[PDB]
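Here is how the chains run, residue by residue.
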Amino acid sequence: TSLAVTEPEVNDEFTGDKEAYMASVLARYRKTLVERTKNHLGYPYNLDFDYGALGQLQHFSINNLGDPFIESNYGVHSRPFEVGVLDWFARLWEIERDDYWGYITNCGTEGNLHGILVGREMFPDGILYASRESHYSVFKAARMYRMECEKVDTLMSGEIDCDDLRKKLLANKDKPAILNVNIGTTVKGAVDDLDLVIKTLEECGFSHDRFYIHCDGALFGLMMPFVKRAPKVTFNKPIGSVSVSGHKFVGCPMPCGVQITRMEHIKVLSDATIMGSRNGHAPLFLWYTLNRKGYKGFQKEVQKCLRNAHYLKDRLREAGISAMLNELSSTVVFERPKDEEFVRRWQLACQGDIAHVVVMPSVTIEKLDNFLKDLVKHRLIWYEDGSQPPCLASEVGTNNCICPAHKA
Amino acid sequence: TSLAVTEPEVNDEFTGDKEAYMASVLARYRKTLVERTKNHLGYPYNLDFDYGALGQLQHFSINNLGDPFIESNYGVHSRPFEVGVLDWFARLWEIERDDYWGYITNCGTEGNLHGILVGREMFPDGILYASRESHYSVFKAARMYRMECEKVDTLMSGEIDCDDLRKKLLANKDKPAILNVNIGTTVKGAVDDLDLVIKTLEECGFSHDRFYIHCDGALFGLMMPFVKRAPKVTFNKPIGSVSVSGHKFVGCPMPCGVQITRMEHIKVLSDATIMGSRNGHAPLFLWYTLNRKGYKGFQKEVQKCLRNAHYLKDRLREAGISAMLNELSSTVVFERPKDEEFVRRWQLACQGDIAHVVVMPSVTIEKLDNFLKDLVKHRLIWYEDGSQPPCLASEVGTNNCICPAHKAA
Ligand SMILES: *Cc1c(COP(=O)(O)O)cnc(C)c1O
Ligand SMILES: *Cc1c(COP(=O)(O)O)cnc(C)c1O
Ligand SMILES: [Zn+2]
Ligand SMILES: [Zn+2]
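Rules of the game
Residues numbered from 1 in each chain as written, not as in the entry; some residues may be left out. Chains lettered and ligands numbered in written order. Heavy atoms only, no water. Residues with missing side-chain atoms left out of burial classes, pairs and counts. UniProt positions renumbered as here; feature names shortened; annotations may be inferred. Contact = heavy atoms within 4.5 Å. Polar contact = N/O pair within 3.5 Å; in protein donor to acceptor, adjacent residues only side chain to side chain. Pairing = 2+ DSSP bridges. Helix = DSSP H or I, 4+ residues; strand = E, 2+ residues; numbered from the N terminus. Axes fitted to C-alpha atoms, helices over the stretch in contact; angles between N-to-C directions. Salt bridge = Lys/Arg side-chain N within 4 Å of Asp/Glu carboxyl O. Buried < 20%, exposed > 50% of the residue type's maximum accessible area, 1.4 Å probe, protein only. Donors = N, O, S within 2.8 Å, 3.2 Å for Na, K, Ca; no water. Near = heavy atom within 4 Å. Areas by Shrake-Rupley, 256 points an atom, 1.4 Å probe, with all protein chains shown as cover. Nonpolar A, V, L, I, M, F, W, Y, C, P; charged D, E, K, R; others polar. Right-handed = clockwise from strand over helix to strand, strands pointing away. Buried area = accessible area lost by both parts, 1.4 Å probe.

Looking at chain B in UniProt, the text filed under Catalytic activity is "L-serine + H(+) = ethanolamine + CO2". Turning to chain B, the UniProt record has this under Sequence similarities: "Belongs to the group II decarboxylase family."

Quoted verbatim from the Catalytic activity field of UniProt, the annotation for chain A is "L-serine + H(+) = ethanolamine + CO2". The Subcellular location comment attached to chain A in UniProt states, word for word, "Cytoplasm, Cytosol".

In structure tokens, the structure reads:
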């Protein structure tokens, strides 16, 4: 479709027919947005937010040019808010105000673009090593920045296989190593074992001064910190940088995120942001929610998302449907709906014969129960022909599959 | 400064002390934004917009993942609006629906990043040639993308010196040419002569298919089209791509822009956007304003911005102050205020001993008059010790300078 942009009539100042046409379009649009929001499950966006308190600020063009810390003569900005937000993220990952540098990004890809660019200026001859299941932005960065990339193999879970990382590293002891570590993969919600990655690096003869790690924690990077007894991402380990998405867990009307690296790394980048003009509203949104919820509030919500993910998985198994849920994940991978109009209604994310539900704060038991009824109901129709579902052990592991051959 | 993020008390659910604290902070903030907006002149942002009509849409997380044209399973998006906006920009630069590809960017730098990346995948061995006064994003892109860059010299106006481009091109006939053409330079509001650039290229033996041009029209790229008798940027010339900023002329609460290239070029890129998640509100804002104003409305406002720029220049000269205003520009370059707290109050953009006022739609004669009074008043104070204002001819040309030595040229 398209909604054309047509010239107003010569009469328009008298008749107001444009504003009237547009009002209906927007009304119609809004209605469809409301229902799409209601019935969304597939993507890692928290749809539950109230920024009514920021209502009176929405009409200014707030723009944080360049560095959050350097001042600029453009006065319509929100740097004090940005800095407060950054400080909070620094404290979260155990780096002191004076050691870190960071900024609020447009999105998850920008974070990956920034961290990887940093890695490259650290080690201009570095190879980029990354899981095959790391996000496409990682590989795009390699192409954009003209870097050799070595795609590491993956376990069933979607984790990086650190044994294949050994092979790769050893074969390239010649040159330094730039790593992309996934804190929650797009597809299976896998968490690369940071510690085993660091371990592998050292015992392949890469000392700290000869590698750089970016942690892409878009989704789960903000959730893991609040999981008790979970390997921490922290600048107390040889971590270069961490990206995380605002529009994912926090819930924002605009996409945004937070890139945090070390001060030392940013001087060796000698304006250190990928983008120039930066949406000064994003800092306000993040400032308001962090202030409102705290470590405490985030803890509650993470625990709930895990509980509800575990609920969804259990309930799928009981219904006969094979499903999987990694540790350190709110994302449930189950067998793809057959009629993929059901996929579009529920805005599910699909690949091969698998689909996933990312359980965010906005995803509620009521809404899961609604999904489950409508799934079971449409399952009967899809498979009334005596036809059976696909076997799923290829995708998810035999220990997780329920097909006739497995019930394992 | 900073506004700390502090944990709520254990009591907070009962007392609501956080929401109360924050309300004052936001109130205080808003008040300062109101006055900063009122008295802003230096930067190329139109501050005059009413998107009250879009008020009821502000609470959804609208996200146009990847390609405007490809569908995605995420249903909270605004692709139909984006496409409508793109079509409008395609028509503006004389390229048909089926020939062009484009998207709505986060900003001007993103457009430069995209167009230059396109140039590179066209000519992996290309040299990037760009004016010295092209925006720093152009040079960042070269570094990011590991490209040889040849900084071309500039005339006094701020235009690319096409004679120095000859020299540079001829010295590198071996390899193809990727050009960045400025439709309105950050500092002097110069317009690179696109035609003379194309001309120079051809008569240095670069046929089409051995060069790529990106037009960075961040500011003026949207204004020039509505200037009568102005060299057109159009896909009817050997143009690769054109970037333009929403938050500049149109006026937006969030930064955004429009990158438009050719379909052919994007297949040779084979997801073709720099960024992944894309703010789906930006398309709505652009859709609403384009629909509301049209070619007609844009014409009015451009003509007004020129008139008012010319007003400001005239008035500066009368007051004794040396100033310059290129044709094809709403940006007035005059002698930098001495006490640069006056600079911060008026949010002026400064470099060496020069400063500029970018006359956008929101910049009004009343507001210019206010600026001029307050300038003249503070000038007397700055210079009542027999100390003199700077000479400016280095920066702007002797034909534009009024200092004692130059009144007589
Ligand atoms: C979707 C995704 C991204 C990309 O982030 P955007 O906000 O879409 O730019 C990065 N990392 C992961 C793990 C993702 O799932
Ligand atoms: C400021 C500017 C840009 C950069 O655009 P952003 O919106 O700040 O990313 C590009 N080109 C010109 C001519 C500029 O003046
Ligand atoms: Zn099986
Ligand atoms: Zn002079």
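Caption draft 1: Up close: the UniProt feature "binding site: substrate" in chain A. Residues and elements named next belong to chain A. Following the UniProt record, the feature "binding site: substrate" maps to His135 here. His135 has contacts with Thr109, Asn112, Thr186 and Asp216, leaving out every residue within four places of it along the chain. A polar side-chain atom of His135 sits 2.8 Å from a polar atom in the side chain of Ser137.

Caption draft 2: Region of the structure containing the sheet that holds strand β1 (residues 100-105) of chain B. All names here are of chain B. Taken in spatial order, the seven strands line up as β1-β7-β6-β5-β4-β2-β3 in an open sheet, and their pairing is mixed. Edge positions in the sheet fall to β1 and β3 (149-152), since each of these pairs with one other strand and no more. Across the sheet, the axes of successive neighbouring strands diverge by a mean angle of 15°, strand direction being ignored. Where helix α3 (residues 79-92) meets the sheet, it contacts β1, β6 (241-245) and β7 (257-262), and its direction lies at approximately 120° from that of β1.

Caption draft 3: Geometry of the pattern of salt bridges. All names here are of chain A. Counted under the stated rule, the structure contains 43 salt bridges over all chains. Its salt-bridge partner being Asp374, residue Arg345 comes within 2.2 Å of it at the nearest N-O pair. A residue pair is termed long-range when its members are at least 10 positions apart, and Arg345 in helix α11 (residues 342-345) and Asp374 in helix α12 (residues 365-382) qualify at 29 residues. Accessibility expressed as a relative area gives 15% for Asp374, which makes it buried.

Caption draft 4: Representation of the UniProt feature "binding site: substrate" in chain B in the model. All names here are of chain B. Under the feature "binding site: substrate", the UniProt entry names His135. Examined against the element boundaries, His135 turns out to sit in the loop between β2 (127-131) and α5 (136-145). Exposure remark for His135: the relative accessible area of 23% places this residue in the partly exposed category. Ignoring anything within four residues of it in the chain, the contact list for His135 reads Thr109, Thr186 and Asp216. Here the side chain of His135 touches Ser137 through a polar contact of 2.8 Å, side chain to side chain.

Caption draft 5: Examining the coordination of the zinc ion (ligand 4) more closely. All names here are of chain B. Only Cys391 (O), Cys391 (SG), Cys401 (SG), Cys403 (SG) and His406 (ND1) from the protein coordinate the zinc ion (ligand 4), and they sit 2.2 to 2.5 Å from it. Here the donor residues for the zinc ion (ligand 4) map to a single chain with the spacing C-x9-C-x1-C-x2-H. Here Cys391, found in the loop between α12 (365-382) and α13 (393-396), pairs with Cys403, found in the segment after α13; they are twelve residues apart in sequence, far enough to count as distant. The exposure class of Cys391 is partly exposed, given its relative accessible area of 35%. Classification of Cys403 as buried rests on a relative accessible area of 12%.

Caption draft 6: Seen up close, the site of ligand 1. In the neighbourhood of ligand 1, 13 residues make up the surrounding shell, with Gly108, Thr109, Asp216 and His247 of chain A together with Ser277 of chain B lying closest. Contact distances for ligand 1 include 2.8 Å between an oxygen atom and a backbone N or O atom of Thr109 of chain A. The contact in question runs from an oxygen atom of ligand 1 to an N or O atom on the side chain of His247 of chain A, over 2.9 Å. In the complex, 93% of the free accessible area of ligand 1, which totals 380 Å², lies under the protein chains. Contributions of two or more residues to the shell around ligand 1 are made by α4 (108-122) and α8 (246-250) of chain A. The residue makeup of the shell around ligand 1, split by class, is two nonpolar, nine polar and two charged.

Caption draft 7: Structural view of the pairing of β3 of chain B. Residue and element names in this part refer to chain B. In the sheet, β2 pairs with β3 via four bridges, with the strands oriented parallel. Residue pairing across strands places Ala130 opposite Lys151, the latter belonging to β3. In this fold, β2 hands off to α5, which returns the chain to β3; that crossover is right-handed.

Caption draft 8: Focus on the interface of chain A and chain B. With 93 residues of chain A at the interface, the matching set in chain B holds 94 residues. Of the roughly 8000 Å² buried where chain A meets chain B, counting both sides, 60% is carbon and sulfur surface. Of all residues in chain A, the largest losses of buried area upon contact with chain B belong to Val5, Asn73 and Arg146 of chain A, amounting jointly to 10% of the total for that side. Linking chain A to chain B there are six salt bridges. Taken together, chain A and chain B are joined by 44 residue pairs in polar contact. For the side of chain A that touches chain B, the elements supplying multiple residues, two or more each, are α2 (17-38), α3 (79-92), α4, α5 (136-145), α10 (281-318) and α11 of chain A. Of the residues in the side of chain A that touches chain B, the class split is 48 nonpolar, 27 polar and 18 charged.

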